[PDB]
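**Q** One structure, as structure tokens, below. Some questions next.
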Number of protein chains: 2
Amino acid sequence: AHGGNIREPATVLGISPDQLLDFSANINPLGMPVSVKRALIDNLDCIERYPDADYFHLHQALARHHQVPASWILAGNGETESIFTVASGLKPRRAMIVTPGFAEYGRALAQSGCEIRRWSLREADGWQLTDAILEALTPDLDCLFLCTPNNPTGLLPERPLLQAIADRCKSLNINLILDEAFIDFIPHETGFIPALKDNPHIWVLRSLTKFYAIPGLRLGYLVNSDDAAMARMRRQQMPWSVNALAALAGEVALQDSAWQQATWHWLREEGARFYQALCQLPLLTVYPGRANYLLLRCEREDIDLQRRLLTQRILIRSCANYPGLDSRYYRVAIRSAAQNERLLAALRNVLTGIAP
Amino acid sequence: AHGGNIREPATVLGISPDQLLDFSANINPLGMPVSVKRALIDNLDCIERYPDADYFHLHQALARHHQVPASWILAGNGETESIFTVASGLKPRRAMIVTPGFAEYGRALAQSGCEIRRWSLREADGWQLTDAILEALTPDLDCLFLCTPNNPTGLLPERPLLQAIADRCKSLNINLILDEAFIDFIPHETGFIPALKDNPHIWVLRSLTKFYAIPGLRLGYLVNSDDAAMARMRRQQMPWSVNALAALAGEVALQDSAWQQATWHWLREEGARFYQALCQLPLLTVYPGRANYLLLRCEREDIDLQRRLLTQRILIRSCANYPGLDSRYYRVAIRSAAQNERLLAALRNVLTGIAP
Ligand SMILES: Cc1ncc(COP(=O)(O)O)c(CNC[C@@H](C)OP(=O)(O)O)c1O
Ligand SMILES: Cc1ncc(COP(=O)(O)O)c(CNC[C@@H](C)OP(=O)(O)O)c1O
């Protein structure tokens, strides 16, 4: 049960989803780039033909964007498909995931028949990934999934720690899958694509749906420099999985040279202002997320924050279904100032004026 | 290597794909319904949110269309996804497919770890499915895939034979998967959805991409009346696989009450006129396909028809890669009269004036 389920949320209340303000999914509040919408409208008739099965133009655009060989890239029907593709293409016998984390890594691995080991983040560490994981990495592991920054904490592990993990993985023959779905939101963070050349054991997952606001179109991709392994992924993949409009949108989106700075500026300004306001609320712990969402811990047990905000027609993410987190945890997106203010006001009604 | 690969075909020639006339994919020549295009343009901003994970409106529309419980239906990112979903959801140990047939059944089963048995259609039978298959059906089979009408022959097995197969399957505990991807083109053919109520061993695959001309959007679905099995399919399925525009397009498409009659009329008129003209060509055998495509057998060995037509900038499907068919076999779509005439003229240049 993932976030962004507004139709389901509205159904629970008996109202139309157009009446809900959603903070349970984390999509760039700027909306899709104007050029993207124009291109979609202008080329809509392209849907009367099958997509290019090899997605030449799309992969060329992604390759030019990251300055890597097009052969290192495989686009997917959302990064969600890329996660299932890597799991099925690598068919690990034993794999480690880090909890709490995005639920699909586990679903994908389970379906592929893998023995899943969980590395548990600790509330006492403020949910930060630590070097304690290194000693937990063993030769018998085939894969390790890390999310950078993590869903739902928004925390980004230190580059040196990620490098230490990557190096250990290289020596223990472990494939390292880095989920960089939200990395574009963190100013100046390059991720690991610039370092794949001499590290064929590293796989990077990317998504265009949150940063460019096209989650309804579905577009993500996987990058890796092992010629043979990527070739195998191209087969284990279902044909025409990426729709023609997603491919077009992706190409156009990457051409908007102002999008990145505009998004970073918003995060640095409103995002910082929103975070400060949340931290001024009583009976609430707010974690220092680096992208467009924040993990919250409600210090009032006798209060289902999600149920309470839903009656106020504001949908938030309940993190109780993440392994490792309990009913006190929730996640909210960072949106436009006006919407953020409505969220804040709702939270105050449930948090201010209450004794410990 | 499926048909519709115009970008790849154009690349082989060193030209732009906009210069090719494609007869290698079989899409309704009328294009997408006008209401569908209007709805897509009017609701394009819906892509700024994730699709409804449960696709309520879409499944409700499909259920109303077939007058069956919405619980019997699962939409997919093209019927291609539905094929992979049924294979993975049923995880057959032994399964039978009929050759020649669409390549994805075999790919899907192979990936799921199934022992595949092939029932071979015979050139001496004019590639018709016969009752000889019944004795080949055994208790140890878990699944049987039939395509009605078949890709690439366009032949539709007799209802009584399909019923006999279905009944035998029911008694031998075999799941029967009927690929009805092209059934909408055959006037008055209802398929098996109207008969699923008391046959939970029957699974029907449907596609909206050829009949409504949205192969670039990707939309198909699976129907079955076994409560538990469909429930399992809803899990083995990847979340948000159907994009928001495909779901919208599907709902709108089903509301066009003139589309069906218009398409049937075209097939009965131009389709019949095209078929007759093909049959007047020398050194060519044309099979009696019932939908919008026809299988051709070139009686001139020393002539690669596809290569020869490609130089004339017309792309056709070579069926040499179908198990059971050799280099003499090709398939062509049935399109508009003008385009059909260009195809005919090209064929004449390669077939007329030549001695046996
Ligand atoms: C870390 C992470 N990785 C990959 C994806 C897949 O993205 P896409 O397929 O659109 O490219 C998501 C989406 N997450 C969407 C969100 C609604 O799910 P939760 O409430 O469980 O966080 C994600 O959060
Ligand atoms: C029998 C059959 N079933 C299912 C599909 C999948 O349809 P979709 O995913 O668009 O709903 C196709 C598509 N076939 C497309 C065609 C180009 O492939 P070939 O040249 O191998 O025949 C098909 O021919």
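Ordering of the structure tokens sets the chain letters (A, B, ...); residue numbers start at 1 within each chain; ligands are numbered from 1 in the order shown.
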List the spatial neighbours of residue 103 in chain B as a PyMOL selection string - criterion: any atom at most 9 Å away, only C-alpha atoms, same-chain residues fewer than 3 positions off excluded.

**A** chain B and resi 2+100+106-108+322-323

**Q** Would you mind exporting the chosen residues as a PDB file, in the first residue's frame, restricted to N, CA and C atoms?

**A**
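selection.pdb, freshly written:
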```pdb
ATOM      1  N   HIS B   2      10.070  -8.631 -33.598  1.00  0.00           N
ATOM      2  CA  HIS B   2       8.665  -8.437 -33.970  1.00  0.00           C
ATOM      3  C   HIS B   2       8.522  -7.408 -35.070  1.00  0.00           C
ATOM      4  N   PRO B 100       3.109 -22.432 -35.801  1.00  0.00           N
ATOM      5  CA  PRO B 100       3.682 -21.123 -35.453  1.00  0.00           C
ATOM      6  C   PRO B 100       2.709 -20.301 -34.605  1.00  0.00           C
ATOM      7  N   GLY B 106       6.122 -18.308 -25.539  1.00  0.00           N
ATOM      8  CA  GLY B 106       7.329 -19.061 -25.249  1.00  0.00           C
ATOM      9  C   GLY B 106       8.333 -18.305 -24.384  1.00  0.00           C
ATOM     10  N   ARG B 107       8.510 -17.011 -24.632  1.00  0.00           N
ATOM     11  CA  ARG B 107       9.472 -16.248 -23.821  1.00  0.00           C
ATOM     12  C   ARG B 107       9.046 -16.178 -22.386  1.00  0.00           C
ATOM     13  N   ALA B 108       7.757 -15.914 -22.198  1.00  0.00           N
ATOM     14  CA  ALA B 108       7.177 -15.796 -20.862  1.00  0.00           C
ATOM     15  C   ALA B 108       7.281 -17.108 -20.096  1.00  0.00           C
ATOM     16  N   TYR B 322       9.460 -17.513 -37.059  1.00  0.00           N
ATOM     17  CA  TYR B 322       8.425 -18.250 -36.358  1.00  0.00           C
ATOM     18  C   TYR B 322       8.770 -19.731 -36.484  1.00  0.00           C
ATOM     19  N   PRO B 323       8.783 -20.450 -35.373  1.00  0.00           N
ATOM     20  CA  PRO B 323       9.072 -21.883 -35.418  1.00  0.00           C
ATOM     21  C   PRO B 323       7.994 -22.558 -36.293  1.00  0.00           C
TER      22      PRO B 323
END
```

**Q** Can you tell me which residues surround range 133-135 of chain B at a distance of at most 12 Å, considering only C-alpha atoms, apart from same-chain residues fewer than 4 positions away, and format the answer as a count of residues only?

**A** 26

**Q** Please extract the residues of range 253-321 of chain B with a backbone DSSP assignment of strand (DSSP E or B) and present them as a list in words.

**A**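 Residues meeting the strand (DSSP E or B) criterion: residues 284, 285, 286, 293, 294, 295, 296, 297, 298, 314, 315, 317 and 318 of chain B.
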
**Q** May I ask which of the residues B:125, B:179, B:48, B:42 is the closest one to ligand 1, counting only C-alpha atoms and all ligand atoms?

**A** B:48

**Q** With only C-alpha atoms and all ligand atoms counted, collect every polymer residue having an atom within 6 Å of ligand 1; state the result as a PyMOL selection string.

**A** chain A and resi 2-4+25+78-80+102+151+181+207+209+215+218-220

**Q** Counting only C-alpha atoms, which residues from chain A have an atom at most 7 Å from any atom of chain B, and could you show them as a list in words?

**A**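 Therefore, the residues near the partner are residues 4, 5, 7, 31, 32, 41, 46, 47, 48, 49, 50, 51, 52, 77, 213, 214, 215, 216, 217, 218, 241, 243 and 244 of chain A.
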
**Q** Within 8 Å of residue 300 in chain B, counting only C-alpha atoms, which residues show up once you throw out same-chain ones fewer than 3 positions away? Write them as a PDB file with N, CA and C atoms, in the first residue's frame, please.

**A**
```pdb
ATOM      1  N   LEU B 283       2.652 -16.621 -58.497  1.00  0.00           N
ATOM      2  CA  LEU B 283       3.734 -17.073 -57.616  1.00  0.00           C
ATOM      3  C   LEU B 283       3.550 -16.652 -56.159  1.00  0.00           C
ATOM      4  N   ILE B 303      14.165 -15.190 -53.864  1.00  0.00           N
ATOM      5  CA  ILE B 303      13.637 -13.836 -53.734  1.00  0.00           C
ATOM      6  C   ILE B 303      13.237 -13.501 -52.300  1.00  0.00           C
ATOM      7  N   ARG B 328      10.051 -18.509 -46.982  1.00  0.00           N
ATOM      8  CA  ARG B 328       9.058 -18.196 -48.005  1.00  0.00           C
ATOM      9  C   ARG B 328       7.866 -17.433 -47.433  1.00  0.00           C
ATOM     10  N   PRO B 356       7.659 -19.796 -64.029  1.00  0.00           N
ATOM     11  CA  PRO B 356       7.674 -20.699 -62.869  1.00  0.00           C
ATOM     12  C   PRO B 356       9.088 -21.198 -62.533  1.00  0.00           C
TER      13      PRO B 356
END
```

**Q** Find the spatial neighbours of residue 268 in chain B, counting only C-alpha atoms, within a cut-off of 12 Å - ignore same-chain residues fewer than 6 positions away - and output them as JSON, numbers by chain.

**A** {"B": [185, 186, 187, 261, 262, 274, 275, 276, 290, 291, 292, 334]}

**Q** In range 167-338 of chain A, what's helix (DSSP H, G or I) per DSSP? Answer as a PDB file with C-alpha atoms, in the first residue's frame?

**A**
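As written to disk, result18.pdb reads:
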```pdb
ATOM      1  CA  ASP A 167      34.811  -1.488  -2.395  1.00  0.00           C
ATOM      2  CA  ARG A 168      33.895  -4.268   0.011  1.00  0.00           C
ATOM      3  CA  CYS A 169      31.229  -5.447  -2.404  1.00  0.00           C
ATOM      4  CA  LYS A 170      33.783  -5.517  -5.202  1.00  0.00           C
ATOM      5  CA  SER A 171      36.065  -7.712  -3.106  1.00  0.00           C
ATOM      6  CA  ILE A 183      19.088  12.024  -6.010  1.00  0.00           C
ATOM      7  CA  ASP A 184      18.300  14.778  -8.480  1.00  0.00           C
ATOM      8  CA  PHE A 185      16.665  16.850  -5.769  1.00  0.00           C
ATOM      9  CA  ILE A 193      26.930   7.005 -12.548  1.00  0.00           C
ATOM     10  CA  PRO A 194      30.186   9.015 -13.033  1.00  0.00           C
ATOM     11  CA  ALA A 195      32.011   6.101 -11.338  1.00  0.00           C
ATOM     12  CA  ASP A 227      28.526  -5.399 -21.300  1.00  0.00           C
ATOM     13  CA  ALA A 228      27.330  -8.984 -20.877  1.00  0.00           C
ATOM     14  CA  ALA A 229      25.072  -8.368 -17.906  1.00  0.00           C
ATOM     15  CA  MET A 230      23.250  -5.421 -19.518  1.00  0.00           C
ATOM     16  CA  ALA A 231      22.864  -7.513 -22.656  1.00  0.00           C
ATOM     17  CA  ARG A 232      21.105 -10.153 -20.548  1.00  0.00           C
ATOM     18  CA  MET A 233      18.843  -7.470 -18.964  1.00  0.00           C
ATOM     19  CA  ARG A 234      17.791  -6.418 -22.474  1.00  0.00           C
ATOM     20  CA  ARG A 235      16.377  -9.924 -22.943  1.00  0.00           C
ATOM     21  CA  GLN A 236      14.817 -10.703 -19.563  1.00  0.00           C
ATOM     22  CA  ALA A 244       5.811   6.084 -26.697  1.00  0.00           C
ATOM     23  CA  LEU A 245       4.843   9.209 -24.770  1.00  0.00           C
ATOM     24  CA  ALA A 246       7.068   8.389 -21.811  1.00  0.00           C
ATOM     25  CA  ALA A 247      10.017   7.965 -24.169  1.00  0.00           C
ATOM     26  CA  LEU A 248       9.267  11.310 -25.850  1.00  0.00           C
ATOM     27  CA  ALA A 249       8.743  13.068 -22.522  1.00  0.00           C
ATOM     28  CA  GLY A 250      12.033  11.745 -21.194  1.00  0.00           C
ATOM     29  CA  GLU A 251      13.997  13.047 -24.167  1.00  0.00           C
ATOM     30  CA  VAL A 252      12.377  16.459 -24.006  1.00  0.00           C
ATOM     31  CA  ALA A 253      12.689  16.739 -20.244  1.00  0.00           C
ATOM     32  CA  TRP A 259      14.774  22.848 -14.676  1.00  0.00           C
ATOM     33  CA  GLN A 260      17.530  21.711 -12.363  1.00  0.00           C
ATOM     34  CA  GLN A 261      18.435  25.135 -10.962  1.00  0.00           C
ATOM     35  CA  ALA A 262      14.768  26.062 -10.570  1.00  0.00           C
ATOM     36  CA  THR A 263      14.020  22.884  -8.576  1.00  0.00           C
ATOM     37  CA  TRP A 264      17.111  23.214  -6.373  1.00  0.00           C
ATOM     38  CA  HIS A 265      16.253  26.871  -5.647  1.00  0.00           C
ATOM     39  CA  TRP A 266      12.740  25.944  -4.570  1.00  0.00           C
ATOM     40  CA  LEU A 267      14.094  23.235  -2.276  1.00  0.00           C
ATOM     41  CA  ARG A 268      16.661  25.563  -0.773  1.00  0.00           C
ATOM     42  CA  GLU A 269      14.031  28.250  -0.186  1.00  0.00           C
ATOM     43  CA  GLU A 270      10.512  26.886   0.465  1.00  0.00           C
ATOM     44  CA  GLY A 271      11.849  23.451   1.374  1.00  0.00           C
ATOM     45  CA  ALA A 272      14.041  24.965   4.045  1.00  0.00           C
ATOM     46  CA  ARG A 273      11.193  27.241   5.216  1.00  0.00           C
ATOM     47  CA  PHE A 274       8.797  24.249   5.415  1.00  0.00           C
ATOM     48  CA  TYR A 275      11.287  22.153   7.324  1.00  0.00           C
ATOM     49  CA  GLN A 276      11.850  24.918   9.876  1.00  0.00           C
ATOM     50  CA  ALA A 277       8.090  25.363  10.414  1.00  0.00           C
ATOM     51  CA  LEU A 278       7.590  21.625  10.952  1.00  0.00           C
ATOM     52  CA  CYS A 279      10.347  21.675  13.539  1.00  0.00           C
ATOM     53  CA  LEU A 305      -2.109  11.374  12.331  1.00  0.00           C
ATOM     54  CA  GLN A 306      -3.042  10.021   8.908  1.00  0.00           C
ATOM     55  CA  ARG A 307      -6.646   9.275   9.883  1.00  0.00           C
ATOM     56  CA  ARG A 308      -6.859  12.676  11.585  1.00  0.00           C
ATOM     57  CA  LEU A 309      -5.461  14.579   8.612  1.00  0.00           C
ATOM     58  CA  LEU A 310      -7.585  12.556   6.165  1.00  0.00           C
ATOM     59  CA  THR A 311     -10.732  13.869   7.886  1.00  0.00           C
ATOM     60  CA  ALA A 337       4.309  27.213  -0.176  1.00  0.00           C
ATOM     61  CA  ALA A 338       0.508  27.528  -0.191  1.00  0.00           C
TER      62      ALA A 338
END
```

**Q** Choose the residue, out of B:342, B:188, B:206, B:64, that has the smallest atom-to-atom separation from ligand 2; count only C-alpha atoms and all ligand atoms.

**A**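 Of B:342, B:188, B:206, B:64, the one nearest ligand 2 is B:206, counting only C-alpha atoms and all ligand atoms.
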
**Q** In Å, with one decimal, what is the gap from CA of residue 21 in chain A to CA of residue 353 in chain A?

**A**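 Computed distance, CA of residue 21 in chain A to CA of residue 353 in chain A, equals 24.7 Å.
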
**Q** Hey, can you check how far CA of residue 127 in chain B sits from CA of residue 320 in chain B?

**A**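 Interatomic distance, CA of residue 127 in chain B to CA of residue 320 in chain B: 14.9 Å.
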
**Q** Excluding range 294-299 of chain B and residues on its chain fewer than 4 positions from it, collect all residues at most 6 Å away from it, counting only C-alpha atoms, and give them as an mmCIF file with C-alpha atoms, in the first residue's frame.

**A**
```
data_model
loop_
_atom_site.group_PDB
_atom_site.id
_atom_site.type_symbol
_atom_site.label_atom_id
_atom_site.label_comp_id
_atom_site.auth_asym_id
_atom_site.auth_seq_id
_atom_site.Cartn_x
_atom_site.Cartn_y
_atom_site.Cartn_z
ATOM 1 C CA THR B 153 -1.996 -17.193 -40.079
ATOM 2 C CA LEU B 283 3.734 -17.073 -57.616
ATOM 3 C CA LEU B 284 2.028 -16.316 -54.314
ATOM 4 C CA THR B 285 -0.120 -18.282 -51.897
ATOM 5 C CA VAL B 286 -2.416 -16.187 -49.681
ATOM 6 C CA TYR B 287 -3.968 -17.715 -46.587
ATOM 7 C CA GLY B 289 -7.014 -14.704 -42.603
ATOM 8 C CA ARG B 328 9.058 -18.196 -48.005
ATOM 9 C CA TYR B 329 6.571 -16.827 -45.455
ATOM 10 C CA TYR B 330 5.670 -13.177 -44.888
ATOM 11 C CA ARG B 331 2.766 -11.321 -43.308
ATOM 12 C CA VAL B 332 1.097 -8.079 -44.382
#
```

**Q** Between B:324, B:205, B:222, B:156, which has the minimum distance to residue 70 in chain B (counting only C-alpha atoms)?

**A**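 So, comparing all the options, the nearest one is B:222.
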
**Q** For CA of residue 90 in chain B and CA of residue 143 in chain A, quote the distance in Å rounded to one decimal.

**A**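 Computed distance, CA of residue 90 in chain B to CA of residue 143 in chain A, equals 27.3 Å.
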
**Q** Skip residue 141 in chain B itself and residues of its chain fewer than 4 positions away, then list as a short mmCIF file (atom, residue, chain, number, x, y, z; two decimals) with N, CA, C and O atoms, in the first residue's frame all residues within 10 Å of it, counting only C-alpha atoms.

**A**
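Full text of out_8.cif as output:
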```cif
data_model
loop_
_atom_site.label_atom_id
_atom_site.label_comp_id
_atom_site.auth_asym_id
_atom_site.auth_seq_id
_atom_site.Cartn_x
_atom_site.Cartn_y
_atom_site.Cartn_z
N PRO B 92 3.32 -22.68 -14.58
CA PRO B 92 3.11 -24.06 -15.03
C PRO B 92 4.43 -24.80 -15.04
O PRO B 92 5.47 -24.21 -15.33
N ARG B 93 4.39 -26.09 -14.71
CA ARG B 93 5.57 -26.96 -14.75
C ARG B 93 5.79 -27.48 -16.18
O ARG B 93 6.92 -27.63 -16.63
N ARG B 94 4.68 -27.74 -16.86
CA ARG B 94 4.68 -28.22 -18.24
C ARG B 94 3.54 -27.44 -18.92
O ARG B 94 2.44 -27.32 -18.37
N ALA B 95 3.81 -26.93 -20.12
CA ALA B 95 2.84 -26.16 -20.87
C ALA B 95 2.99 -26.44 -22.35
O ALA B 95 4.10 -26.72 -22.84
N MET B 96 1.88 -26.34 -23.08
CA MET B 96 1.93 -26.57 -24.51
C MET B 96 1.58 -25.28 -25.25
O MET B 96 0.70 -24.55 -24.82
N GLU B 115 8.57 -26.35 -18.67
CA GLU B 115 8.97 -27.29 -19.72
C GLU B 115 7.93 -27.06 -20.83
O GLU B 115 6.74 -27.33 -20.65
N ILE B 116 8.40 -26.59 -21.98
CA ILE B 116 7.51 -26.25 -23.08
C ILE B 116 7.38 -27.34 -24.11
O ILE B 116 8.39 -27.87 -24.61
N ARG B 117 6.15 -27.73 -24.42
CA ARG B 117 5.92 -28.73 -25.46
C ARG B 117 5.28 -27.96 -26.60
O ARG B 117 4.51 -27.03 -26.35
N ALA B 136 -3.19 -35.17 -28.04
CA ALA B 136 -1.90 -34.70 -27.55
C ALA B 136 -2.02 -34.07 -26.17
O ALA B 136 -1.01 -33.81 -25.51
N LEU B 137 -3.25 -33.76 -25.75
CA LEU B 137 -3.46 -33.16 -24.44
C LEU B 137 -3.40 -34.26 -23.39
O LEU B 137 -4.14 -35.25 -23.48
N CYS B 169 -9.60 -29.92 -21.47
CA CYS B 169 -8.73 -29.24 -20.52
C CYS B 169 -9.36 -29.27 -19.13
O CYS B 169 -8.69 -29.51 -18.13
N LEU B 172 -8.81 -32.66 -17.70
CA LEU B 172 -7.42 -33.02 -17.44
C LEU B 172 -6.73 -31.99 -16.55
O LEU B 172 -5.50 -32.01 -16.42
N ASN B 173 -7.49 -31.07 -15.97
CA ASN B 173 -6.92 -30.05 -15.08
C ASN B 173 -5.86 -29.24 -15.81
O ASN B 173 -4.76 -29.03 -15.31
N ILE B 174 -6.19 -28.79 -17.01
CA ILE B 174 -5.24 -27.99 -17.80
C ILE B 174 -5.84 -26.59 -17.88
O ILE B 174 -7.05 -26.45 -18.08
N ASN B 175 -5.02 -25.56 -17.70
CA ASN B 175 -5.52 -24.19 -17.84
C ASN B 175 -5.46 -23.86 -19.33
O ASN B 175 -4.46 -24.15 -20.00
#
```

**Q** Of the residues B:341, B:326, B:301, B:180, which is the one nearest to ligand 2, using only C-alpha atoms and all ligand atoms?

**A**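 Using only C-alpha atoms and all ligand atoms, ligand 2 sits closest to B:180.
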